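Before any comments, here is the structure.
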Amino acid sequence: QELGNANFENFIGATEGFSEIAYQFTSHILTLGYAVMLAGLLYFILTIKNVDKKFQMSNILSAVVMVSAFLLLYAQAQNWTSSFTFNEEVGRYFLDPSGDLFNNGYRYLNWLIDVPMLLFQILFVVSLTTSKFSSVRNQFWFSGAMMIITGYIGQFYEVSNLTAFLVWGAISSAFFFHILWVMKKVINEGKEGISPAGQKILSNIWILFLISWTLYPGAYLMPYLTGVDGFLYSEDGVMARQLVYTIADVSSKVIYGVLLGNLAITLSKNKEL
Amino acid sequence: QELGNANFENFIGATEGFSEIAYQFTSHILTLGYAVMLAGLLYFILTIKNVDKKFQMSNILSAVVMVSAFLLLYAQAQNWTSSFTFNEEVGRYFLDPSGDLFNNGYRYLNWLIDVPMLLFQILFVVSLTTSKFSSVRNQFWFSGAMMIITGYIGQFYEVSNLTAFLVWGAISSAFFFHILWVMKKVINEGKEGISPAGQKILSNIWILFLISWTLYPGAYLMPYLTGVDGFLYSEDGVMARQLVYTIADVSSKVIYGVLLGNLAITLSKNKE
Amino acid sequence: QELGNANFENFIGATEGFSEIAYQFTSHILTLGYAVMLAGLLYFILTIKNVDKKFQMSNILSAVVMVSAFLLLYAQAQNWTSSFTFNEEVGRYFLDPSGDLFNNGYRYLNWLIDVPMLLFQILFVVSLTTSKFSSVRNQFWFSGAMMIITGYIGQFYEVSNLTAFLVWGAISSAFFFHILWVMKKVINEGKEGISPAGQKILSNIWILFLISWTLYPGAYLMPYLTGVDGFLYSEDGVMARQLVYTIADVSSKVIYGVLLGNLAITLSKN
Amino acid sequence: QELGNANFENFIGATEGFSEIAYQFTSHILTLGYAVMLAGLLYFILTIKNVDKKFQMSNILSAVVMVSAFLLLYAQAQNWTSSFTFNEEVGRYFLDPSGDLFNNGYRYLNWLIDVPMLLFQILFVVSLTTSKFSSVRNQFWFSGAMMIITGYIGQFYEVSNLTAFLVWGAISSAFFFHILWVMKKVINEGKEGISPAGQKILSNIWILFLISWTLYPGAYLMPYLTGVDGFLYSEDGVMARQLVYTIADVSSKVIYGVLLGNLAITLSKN
Amino acid sequence: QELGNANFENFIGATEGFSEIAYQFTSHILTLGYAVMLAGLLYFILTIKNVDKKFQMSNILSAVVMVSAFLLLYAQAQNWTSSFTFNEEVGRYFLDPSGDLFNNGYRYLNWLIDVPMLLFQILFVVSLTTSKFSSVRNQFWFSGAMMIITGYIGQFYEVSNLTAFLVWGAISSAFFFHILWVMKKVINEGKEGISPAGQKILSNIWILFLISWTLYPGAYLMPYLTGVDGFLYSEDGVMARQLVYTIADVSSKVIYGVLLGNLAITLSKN
Ligand SMILES: CCCCCCCC/C=C\CCCCCCCC(=O)OC[C@H](O)CO
Ligand SMILES: CCCCCCCC/C=C\CCCCCCCC(=O)OC[C@H](O)CO
Ligand SMILES: CCCCCCCC/C=C\CCCCCCCC(=O)OC[C@H](O)CO
Ligand SMILES: CCCCCCCC/C=C\CCCCCCCC(=O)OC[C@H](O)CO
Ligand SMILES: CCCCCCCCO[C@@H]1O[C@H](CO)[C@@H](O)[C@H](O)[C@H]1O
Ligand SMILES: CCCCCCCCO[C@@H]1O[C@H](CO)[C@@H](O)[C@H](O)[C@H]1O
Ligand SMILES: CCCCCCCCO[C@@H]1O[C@H](CO)[C@@H](O)[C@H](O)[C@H]1O
Ligand SMILES: CCCCCCCCO[C@@H]1O[C@H](CO)[C@@H](O)[C@H](O)[C@H]1O
Ligand SMILES: CCCCCCCCO[C@@H]1O[C@H](CO)[C@@H](O)[C@H](O)[C@H]1O
Ligand code: NA
Ligand code: NA
Ligand code: NA
Ligand code: NA
Ligand code: NA
Ligand code: NA
Ligand code: NA
Ligand code: NA
Ligand code: NA
Ligand code: NA
């Protein structure tokens, strides 16, 4: 059937269909995703007063990230369960286009508003030395937007046009490397003039940032990471992609936010942990 | 088929239908729209005590704007996904009237209650000099209501009666120019007697206000901005309209509210 | 088609159907209705500490009114969109009984719990002089309940039995006049011993109360206000009724609550 | 039609069906029910700081009761509208089993967690004299659980097996009388050593408790209170049962909680 | 019918179907489950300031557990009502695969994020003596994750492959015994140098932990606890499993959280 510029989940769903395990696991992991975001929202609000006033905007931005992450990852989960329906004759879940096609775009538009806030919020905890606040912020915001927008365009072609898919992905990757570059500077300058305890947390934040953010391009490419007609161009690749996206989102948003909160505590002139 | 006084989204949906990209993008952008409003709601509540008591009503009004914006833009998003259904034979999304026709009216009624609050809330941060509070408020509220009501009537005719569409739009535009006039005065008087930092933020507020508010009439006209049978009388114009409305709403409500909060901080005798 | 004791919206929907404008406008105005109630909820909670402790129960009761008004007016909005479905052949929205018949009863049961709270809450801002708190409260609550219950019964017959409709409406009106009487006394006693600023706000509250509460019996009668087969026995009367109910509910609940809050501020020593 | 161990609402719905008034009223009253619970939730949270710290646990338990009452009574309302669908040919609402059968069990499981908290919370406001806190609590919790569980079992048989229905109901009634006994002692001991104002509120709490709690067994028996093929074995009995359950739940949870809060205020040193 | 690697609920539903009591009870108990979690959420937020700052993280983690437990157990309840539909001809609820198959996986993924937080939060109330905080935490988190993941895999095979089901379950059990071991040490070290009041609560916490956590493997095996074609390989086993899971979740999360809060109060210098 004609699916056009649709995600590979739909092609698997329309041809092989999904086993009970593939369909249920994807539903469960996407549901856990939005559930963790609302739990995180509660954590960030309830811990605001654990740090000095000057650091509380970081807790607030974490909470702001959680609210939209809950809503968009809730929509993403419903998109999954609505798009694939059980066939009694074969006992597998097949594309049910009456529920609309499945698209990972809900997650991407969450990134569009989260990336700017996540990159911004560290600047409310650490102090820059040589770099200008305005300059770092503007670079984060510009490259952040371009990275997500170019990737959003690319993922529509992940089956229909592999060339467009890889070119847009490559452009996205360029902006990604720029952000890694700027964030590395921010971490280094942030370490200057703070306790060894604070410096250790910033080191952990850099590792978390590096691993969690790198998962995303991996999830982007997932279906083709085992080449043409590979193991991952299957329900196994669908499960893998949705697991990785969910791990990345929890790591880049919630764990990132917790570590920043712990940093703010060590830098706080009143409180301690 | 007979659609009557219906938005052009329905005519595109009933003839050409929407590609995966056009349908999914519109769904995504409308969903982002209501998600940003609920995120904004949290931001405005959590930052209330960042400014002196006298400024806190501005945070409160921002929050009030967010609550209804979330609800109305949520309804608007559901209206989209319910009104267009995938056709397996051609692989495009076509008008599914069992979900009702699509209408941008949910967004308009949000404007009706938001415009008065957005125009009002700046008067809790800045001090007027030459203008009377009651006079400015009454002009904002009267012209604000008339602008939205006349526009709301017009958009029903955007396909069925181009003349009614453009006349109501023109009347709406008149009230719009009046509001721009009054708000310009409010900004100028607000700058008088405050720190240069506060004056700079008010300058940014004026630019944001001018650009964000002008996007609306653009979105109103979107389908016809490339003339008869133009590039925008298509799924591309639908995508463009819903993107512009979403950008305008985020800018005029959330970013506006953040800048007013930042102004209140600079004017606050405790914070800096 | 047998509709029995059903609101006239269903009869219009089953015969003429609704134009795009009539259906969409009604959907939009009913949606705005519940949206304003949730916005009001936030306003009343966030402004609690703007008045002295003794006045804060009024903010609390406003908030209590908003919560149930949001839920009931949300249900009322869904009742509308579920009950009328687009017919592609004629391009109008017709009664779709699979969604149940439309009934204004959700709004009425909101009134049942709101009327007592709205009448009660002014007694936490103003001080009575010659009248006893308990006596005024008991009169408000008894007449308030009877007014809503008798009206609720009446509106089921607004098409099926014009006599029952008008008799129950008349009984309801009697209790309404009693409430107007008691509220007038409350306003007068409330004005005694407070600043001219406070007295002005109470005057505005009385005008708001009088206009907003009178809109309701108007919305009750709406379909027949232009007589048999008049202009209002149509989709135009449906639009008019739902607009008036929404204006009345916003005015009697939210604007009323804001004015009471502003009164509390002027009467506040802080 | 084979309905098995199903509530009588289904048998009425499957045979006579429900008139517009019977269906709409039941929908409205069940909706009001959950709407009042969420409004109550707001009231109990916003008034926590109106009493001394030692009494605030009572406000908290009221709020805890409201949250689950909202959710369960919301589910109960949706169960009603989903189970009965309009038939255009006769103009009545008939059992639509695609929506599942209607069962009052959502309300019962709410009782299971509410009864223990409602009986418990008064022990945070009044001081016992003869009785031990732990002992009264344990009696309330044990008899409360058995009362609801035995009743929950019984109501499944209210049509399929009148004997099982009446026996389980009788066992439930025994636990009910035990609770009335213990609560009476608690009220009496609570009156000892407090202001006459506090004693009057406790008297009102006892009357509210006695009337509101006795409504439940009445609603249990409702369909048969006019005997075989009586007036109440009808849509009129369905309306009556759902009205009584809603009045009882509002009274036993919200009004009870308000009176306890008012008692806590009179006993408060601040 | 071809169901593949599906839970036994689906096989009962596809063959015998469910009686009114079995279907309604399961719906009610699953609904109570998520309702208790949201009520618990309110309790934990409202009691945060009842303990010294250093203990408040325990209240916060209880609340965090409640939020996701509400959402996941809500999804689990909807999965039940969507998967089984009334058949009018036989009067039983049969598998309706248009609603997707029923899977207990929503509950398992709640465990995945809850187990780490529940094991973690006690370390914010008690003080270790001989054991290192980081070491206990890392063991809890590693074994906690492996226990849930291995169990999650196993339950997909509970009908399709009894060997895989029992082997994965056995591996899960190994990690379970490790956690019981570490938690026992934590309780013992926690008792050292604290008031008798604190020691009593920790004893109660250990009993609650031991009983509530052991319910889970019981619910895992439920269908086969009476052997092949036993009493429990039926709607009675489905009811039993969902009851036990709901009791376990309430006990391990809410009651556990309340006891930890009570411990924090006794250890609080205010
Ligand atoms: C063609 C369309 C016809 C439709 C007709 C639409 C009429 C305009 C509606 C409202 C204007 C609002 C007027 C603003 C004046 C408000 C007065 C005020 O602000 O008073 C506050 C008072 O001081 C506190 O007590
Ligand atoms: C059928 C025709 C309808 C006729 C229209 C009737 C209008 C007047 C109704 C009631 C007046 C008084 C009712 C009072 C109800 C008891 C409460 C009360 O007033 O008692 C105060 C108490 O003593 C604390 O001070
Ligand atoms: C407050 C905002 C409201 C805006 C919404 C407007 C809805 C119209 C409402 C009432 C119209 C009443 C008009 C009545 C005048 C005609 C009287 C008449 O024609 O005669 C009566 C009849 O013949 C004897 O049975
Ligand atoms: C293939 C079948 C064989 C598999 C059967 C599995 C049996 C598991 C038994 C015990 C778990 C003990 C696991 C050890 C936990 C290590 C925790 C950890 O990684 O953290 C280190 C911490 O610092 C402390 O030393
Ligand atoms: C850098 C990572 C990009 C790897 C590109 C691999 C190209 C895969 O090629 C594609 O494989 C699909 C799955 O088998 C097939 O359905 C397509 O026909 C084929 O074009
Ligand atoms: C200020 C912008 C308004 C200019 C109005 C342009 C006139 C548009 O003209 C309209 O274009 C539609 C789309 O092609 C056609 O379907 C209509 O038949 C035609 O009337
Ligand atoms: C106070 C206003 C009440 C006036 C009652 C006027 C009588 C209404 O008359 C009614 O009009 C309907 C619509 O045209 C007709 O369908 C009914 O048959 C007719 O009874
Ligand atoms: C305390 C009240 C107990 C009274 C129970 C006895 C009434 C049983 O009467 C029942 O009435 C039903 C409806 O009319 C019939 O369908 C049943 O056949 C009949 O048993
Ligand atoms: C508790 C761990 C041991 C349980 C193993 C018991 C063996 C169950 O055996 C199974 O019983 C099912 C139910 O009757 C049958 O349908 C299956 O065909 C049969 O393999
Ligand atoms: Na987000
Ligand atoms: Na599905
Ligand atoms: Na708004
Ligand atoms: Na759709
Ligand atoms: Na209300
Ligand atoms: Na509709
Ligand atoms: Na409850
Ligand atoms: Na229905
Ligand atoms: Na959880
Ligand atoms: Na069902």
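The figures here come from the full heavy-atom set of this structure, side chains too, leaving out hydrogens, waters and symmetry mates. A note on names: the letters A, B, ... follow the listed sequences, proteins ahead of strands, and every chain is numbered from 1.
Interface remark: of the candidates A/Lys53, A/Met66, A/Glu2, A/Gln56, A/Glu2 forms the most heavy-atom pairs closer than 4.5 Å to chain B. Annotation: maximal heavy-atom pairing with chain A below 4.5 Å, among B/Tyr43, B/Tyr34, B/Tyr74, occurs at B/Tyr43. Between chain A and the residues B/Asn87, B/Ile21, B/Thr85, the most heavy-atom pairs under 4.5 angstrom are made by B/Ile21. For chain B, the option among A/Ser68, A/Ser98, A/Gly105 with the highest count of heavy-atom pairs below 4.5 Å is A/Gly105.
Contact annotation for B/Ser19: neither backbone nor side-chain heavy atoms come within less than 4.5 Å of a heavy atom of chain A. Interface residue A/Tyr157: only side-chain heavy atoms are found under 4.5 Å from chain B. Heavy atoms of A/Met57 lying under 4.5 Å from chain B belong exclusively to its side chain. Neither the backbone nor the side chain of B/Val250 has a heavy atom closer than 4.5 Å to any heavy atom of chain A. For A/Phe156, the part lying near chain B is the side chain, with the backbone staying farther off; criterion is any non-hydrogen pair under 4.5 Å. With a 4.5 angstrom heavy-atom cutoff, A/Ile153 does not touch chain B via any of its atoms. For A/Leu95, no part lies under 4.5 angstrom from a heavy atom of chain B. Proximity to chain B is absent for every atom of A/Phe70, based on heavy atoms less than 4.5 angstrom apart. Neither the backbone nor the side chain of B/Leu41 comes within contact range of chain A; no heavy atom of the residue lies under 4.5 Å from a heavy atom of that chain.
Counting only heavy atoms from C-beta outward, the side chains of B/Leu42 and A/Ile45 approach each other to under 4.5 Å. Annotation: side chain of B/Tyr93 is in contact with side chain of A/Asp100 (closest heavy-atom distance under 4.5 Å). No side-chain heavy atom of A/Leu71 sits under 4.5 Å from any side-chain heavy atom of B/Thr31.
The two residues B/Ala39 and A/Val64 come nearest to each other via the heavy atoms CB-O, 3.7 Å. Of all heavy-atom pairs spanning B/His28 and A/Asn103, the tightest one is CE1-OD1, 3.1 Å. Nearest heavy atom pair, residue B/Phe25 against residue A/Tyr152, reads CA-OH, 3.3 Å.
Taking CD1 from A/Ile60 and CG from B/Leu46, the interatomic distance works out to 5.0 Å, rounded to the nearest 0.5 Å. The distance from the CG atom of A/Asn79 to the OG1 atom of B/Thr81 is 10.0 Å, given to the nearest 0.5 Å.
Between the side chain of B/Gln24 and the main chain of A/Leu101, a donor-acceptor pair closer than 3.5 Å is present.
Within a 6.0 Å radius of CD in B/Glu16, more than 12 heavy atoms belonging to other residues, nucleotides or ligands are found.
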